[PDB]
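Participant: Structure for the following, please:
(chains A, B and C)
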Amino acid sequence: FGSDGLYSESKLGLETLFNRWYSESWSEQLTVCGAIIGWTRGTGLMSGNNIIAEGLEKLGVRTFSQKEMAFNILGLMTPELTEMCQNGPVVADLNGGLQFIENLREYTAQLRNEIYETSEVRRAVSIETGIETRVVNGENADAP
Amino acid sequence: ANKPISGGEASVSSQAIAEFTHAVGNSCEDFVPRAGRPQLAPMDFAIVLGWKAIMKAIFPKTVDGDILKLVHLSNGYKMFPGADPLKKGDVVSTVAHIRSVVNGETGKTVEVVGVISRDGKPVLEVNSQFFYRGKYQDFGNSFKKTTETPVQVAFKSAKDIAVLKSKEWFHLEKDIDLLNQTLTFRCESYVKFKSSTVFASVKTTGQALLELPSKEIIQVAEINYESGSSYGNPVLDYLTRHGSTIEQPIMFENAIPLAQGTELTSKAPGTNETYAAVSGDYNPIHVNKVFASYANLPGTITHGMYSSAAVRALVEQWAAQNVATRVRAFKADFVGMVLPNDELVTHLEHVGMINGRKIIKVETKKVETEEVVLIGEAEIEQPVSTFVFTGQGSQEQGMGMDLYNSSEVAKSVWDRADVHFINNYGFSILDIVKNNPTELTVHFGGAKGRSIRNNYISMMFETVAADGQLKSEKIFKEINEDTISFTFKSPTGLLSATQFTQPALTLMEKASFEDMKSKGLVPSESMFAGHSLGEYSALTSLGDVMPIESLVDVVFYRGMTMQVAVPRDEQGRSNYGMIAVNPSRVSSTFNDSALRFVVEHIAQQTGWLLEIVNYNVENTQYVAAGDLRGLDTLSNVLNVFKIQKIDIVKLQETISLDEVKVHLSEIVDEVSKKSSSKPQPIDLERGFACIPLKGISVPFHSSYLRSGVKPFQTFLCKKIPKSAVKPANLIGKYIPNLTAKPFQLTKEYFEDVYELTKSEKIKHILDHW
Amino acid sequence: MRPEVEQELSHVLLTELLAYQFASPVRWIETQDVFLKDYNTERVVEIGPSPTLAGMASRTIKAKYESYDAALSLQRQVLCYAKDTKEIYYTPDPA
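Facilitator: Numbers count the residues shown, from 1 in each chain, chains lettered A, B, ... in the order given. Below you will find the coordinate block:
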């Protein structure tokens, strides 16, 4: 996605723990259960990653709410899944099939500029059709 | 009142002119019948000729009111472009029509426009403005038709096109992307009135058009808004708050007073009976005291059109220098009346410019009660002008950069061509001008750098060898598909290189001209020429045949073919050069023919291609170019008979036998031998007449590179297309360097183009109708 | 000629007027005698960075047009864009 600082350099650096589990001495003190957190929608708030989630789900790809996504992580701590991590590290792709959209940066930015540009050409036209009705019918008759 | 009003056929006579100019005091030379030249008539004679048409407009039953309350508010004249004034034996016809019969809180205002037509073609129009006083409620007859101002609207976003397309009055004819482009609206209205603040039937019907980048305008749309019983104009309200008006007058930040140190007093006459006889305005509120007292006036007041015609003679005296053709339009508002025999002073001043014409503002007041009587302004043409454009050899590091930072229209031409230079050629021409470097490396790194390299491999030129023909080779032979960088080197700055000084000089002289033209400082009919490089800068600005992006293309290419046309040696030098000869610094009897014979003598004896390539000043400046050891004899033949001092034989006449072809033969031959003894990197040897032109290693404007014009012709034919040429911007005004006659389309002007070029492109049109 | 065939000849004249221009001598003596003494111009304006040929226009009117400018009593201006910018732009001093 880009323009995120060292966010992707610190999440990718955390993926050495699956190989450092074997090569080091902390196997019986720590168990690794890394989880790929998917496209989680926010709190229903005003976000650019919330407005395009509807058009992103038209491709057959699931986006998650924060209560569905928490149920996925809470299912990684069931006592049969805590036992799986003691035999070796466990990677859980909780990403909802979003890894099959290849042009994902350019497709999502196409969905932002689709939603934003019709927000302008409908607002400015509603403004200019409003102004045009007040020069023809006069400013005297706007009291309703 | 909507049909036009014919005013009949009227003539001009010498008895009508001379009685007119005496009645107003117009003692200009053009209106008095001298011997030799035809007599002219003033613009004020149009209200005499168009009196029967204009005054018939207030008369219909639909435009109602009494003439005894009628006020003449204003009256203006305007001459159509390209029109001569009225002659002595001129016969004219006039057509008038009414524009607006609007009502107000006081009575109604009638606007009448009448044009004068000489032999079918219109010469000038006159628009008046009358005012029936009273209280009127006839709104069924009230109308107003206009031609609205040329608003230009730009569309720099995709919502601006959608706002425009949502309007039902916008009929988009030719579907085209209007993003980052500008439309111009020529709209005209026709309004009926209902109660002086609401309308009855609005009809705005205009057009819209776009300038496409091959110097071409096309209609892209059509405005059609036919409403009724509305309150205002939404078409005009859209163009007001979105676009800006163009073709408007440009006012100075400080006006300048015109007749300084002179009081311009124009005291009203004793009677109004003489002006009423010379104009036909026989209404008795100016001559009869009974009618002037019945119509509630202070007295038998002076004609309003007298006051215009008498103050026009002061503009014709002080703004124009008593020449009538320079007065193109004059309007005046009759605010407050004058009685006969009262003193009044004017105040001429120059407040702005439009289309190269000067806007002189006048203001006439009475000297005693100090109330303003006449407010008007004129449209005095400038003196006849020529814009010459400088060639190469004069270039400074930082030229035009003070104008670049101050003017916004001189910045948008330097910027528009620098974007073209970076994206297509890999350097900045603003970087060259602001600090000329010794080196400049163009890099071909990325995907957009390998496309820049494709522009260097795809430019070709031609030359001849010792024997053979044209070759059609690459200019940059050292640029190929494995080349990652190319460097330009010049040991005396990069403004000294010809391929960088030519697109930097034509850009500055276009930036300089475009700043003047945006201020309204350039006349309509003005000649132009350029010396050696400026004739490309002349017709990109006054000719308007190529845009700024293709101008710098054909002139970077021009200085490139004028660089590889000479076979340079192991260094950057060669055997060809240039010298500047002065036939009166030395050898005080020489003329243009006494030195053209000498350079032809070394052109025939020992050959070597020595000729003169520009005749700048007669007997003062000739710059001749040739090869070294041929050009070195010229600076050591004419430069040696000021020391041993034989004056040449044509001091009075040649002797009756022909020794002049053979007595100066051995002196040019005894210097021809010692030129061969000099080393072939031949030095300059200025002498006393010749100035040693340094940096010019190519014989410009000779016939040595006659062979190279064939790739340069086919390059020009694809950057100056046929539709881009406007003939009226060149005919009779452009003066080339090839044929020093002005540009004309005549069958014997084409002869001199053939006997200088021998081109088959004009040969196969020379033999037709 | 017809107006739609005006610019056909005006194109093919102008390109050959430019193509052979740099391979033919510059006729600058014989064109200063066109915007002087054939079109009696009262102001010449040199658009350039330095007055090289605003200079040589004043040398021409001092050589063959001194009695001609006086007899017709016309006042010539040989203004250049580089240094005469006050009376090019009609912005004089407020005196």
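
Participant: Domain map for chain B?
Facilitator: Split into domains by curated CATH domains, chain B comes to B:1-134+B:249-382, B:135-248, B:383-437+B:494-567+B:696-736, B:438-492, B:568-695, B:737-769.

Participant: Just send the ones you listed back as a markdown table, with mean neighbour count and distance to residue A:60 too.
Facilitator: No exception for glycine: its C-beta is placed from N, CA and C like everyone else's. A markdown table is the format used below for these (neighbours: other Cβ atoms under 10 Å in any protein chain shown; distance: least, Cβ to Cβ, whole Å):
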| stretch | mean neighbour count | distance to residue A:60 |
| --- | --- | --- |
| domain B:1-134+B:249-382 | 17 | 63 |
| domain B:135-248 | 16 | 30 |
| domain B:383-437+B:494-567+B:696-736 | 20 | 42 |
| domain B:438-492 | 13 | 34 |
| domain B:568-695 | 16 | 68 |
| domain B:737-769 | 15 | 65 |
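
Participant: For residue C:60, find the nearest of these.
Facilitator: domain B:568-695 (6.0 Å; Cβ to Cβ).

Participant: Just the CA atoms of stretch B:312-330, as PDB, please.
Facilitator: Output of stretch B:312-330 as PDB, limited to C-alpha atoms (Å, rounded to 0.1, in the frame of the first residue of the first chain):
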ATOM      1  CA  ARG B 312     -13.400  66.100 -30.600                       C
ATOM      2  CA  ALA B 313     -11.400  68.800 -32.400                       C
ATOM      3  CA  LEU B 314      -9.200  69.100 -29.200                       C
ATOM      4  CA  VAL B 315      -8.600  65.400 -29.100                       C
ATOM      5  CA  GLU B 316      -7.900  65.500 -32.800                       C
ATOM      6  CA  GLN B 317      -5.500  68.400 -32.100                       C
ATOM      7  CA  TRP B 318      -3.700  67.300 -29.000                       C
ATOM      8  CA  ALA B 319      -4.000  63.500 -28.800                       C
ATOM      9  CA  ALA B 320      -3.700  62.900 -32.500                       C
ATOM     10  CA  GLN B 321      -1.300  65.300 -34.100                       C
ATOM     11  CA  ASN B 322      -4.000  66.900 -36.400                       C
ATOM     12  CA  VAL B 323      -4.500  63.800 -38.500                       C
ATOM     13  CA  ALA B 324      -8.000  62.500 -38.800                       C
ATOM     14  CA  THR B 325      -7.300  58.800 -39.600                       C
ATOM     15  CA  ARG B 326      -5.900  58.200 -36.100                       C
ATOM     16  CA  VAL B 327      -9.200  59.000 -34.400                       C
ATOM     17  CA  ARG B 328     -11.000  55.600 -34.400                       C
ATOM     18  CA  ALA B 329     -13.800  56.100 -31.900                       C
ATOM     19  CA  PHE B 330     -15.200  59.000 -29.800                       C
END
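
Participant: related to what we said a few turns ago, distance to chain A added to the domains of chain B, as JSON lines?
Facilitator: Formatted as JSON lines, these follow (distance: least, Cβ to the nearest Cβ, whole Å):
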{"stretch": "domain B:1-134+B:249-382", "distance to chain A": "19"}
{"stretch": "domain B:135-248", "distance to chain A": "4"}
{"stretch": "domain B:383-437+B:494-567+B:696-736", "distance to chain A": "24"}
{"stretch": "domain B:438-492", "distance to chain A": "18"}
{"stretch": "domain B:568-695", "distance to chain A": "48"}
{"stretch": "domain B:737-769", "distance to chain A": "49"}
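
Participant: quick one: the helices in chain C?
Facilitator: Using DSSP state H, the helices of chain C run over C:3-19, C:29-32, C:55-61, C:66-71, C:85-88.

Participant: I meant chain A, not that one.
Facilitator: Ranges of helices in chain A, per DSSP H, are A:7-11, A:17-23, A:48-51, A:53-56, A:66-74, A:104-136.

Participant: which residues sit in contact with residue B:461?
Facilitator: Residue B:461 is in contact with B:473, B:474, B:475, B:560, B:561, B:564, B:565, B:708, B:711, counting by Cβ atoms under 8 Å, 6 or more residues apart in numbering or on different chains.

Participant: Now do the phi/psi pair for it.
Facilitator: Here is the backbone geometry of residue B:461 (degrees, to the nearest 10): phi -150, psi 170.

Participant: One more: residue B:529?
Facilitator: phi -160, psi 160.

Participant: Residue B:663 too?
Facilitator: phi -90, psi -30.

Participant: picking that back up, return the most buried member of the helices of chain A.
Facilitator: Using mean count of other Cβ atoms under 10 Å in any protein chain shown, the stretch among the helices of chain A with the largest mean neighbour count is helix A:53-56, at a mean of 17.

Participant: what sits up against it?
Facilitator: Contacts of helix A:53-56 (Cβ under 8 Å, 6+ apart): A:39, A:41, A:63, A:98, A:101, A:107, A:108, A:111, A:114, A:115.
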